[PDB]
């Protein structure tokens, strides 16, 4: 009459799952900031356009000509995507999202490579003047381990 054998199969499948569990914990989180990155890249046409037609970065959602509140640029895991002086910043929600990335953010910004702009992707940045952004890391930025290698740009990237 065999509990033991069953207790061995439960035991080996349950440590395998505990072993897997971190990897899938980190897989999901990368798929959840993947959307934030996509919601923010949607906004680059408008920003690029706005800067090209005028010489000035759009001050907000409404200048660039995208939905006036950021909360309307929201997804399954992103709460809001926001243009603030040509820098678009996506904030993760705090529901349906992994704890180490809930409520955190990344940013896309561009530099003029005179004739067009050059875009970058990375952790939050604030525009200081028409060609320089500065790190805006306040402790709510997506950790580097969850950012793709494409979106690892530092404030001074060129």
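Residue numbers count along the first chain shown, from 1.
Averaged over Cα atoms, the B-factor as recorded in the entry is higher for 21-29 than for the other of 21-29 and 140-148. A summary of the deposited B-factors shows that, of 98-106 and 127-135, the stretch with the larger mean C-alpha value is 98-106. Going by the entry's values, 42 shows the largest Cα B-factor out of 42, 122, 65, 55. Remark: residue 79 belongs to the middle third of its chain, ranked by C-alpha B-factor as recorded. Per-chain ranking of the deposited C-alpha B factor places residue 59 in the lowest third. The PDB entry assigns residue 114 a C-alpha temperature factor belonging to the highest third of its chain's modelled residues.
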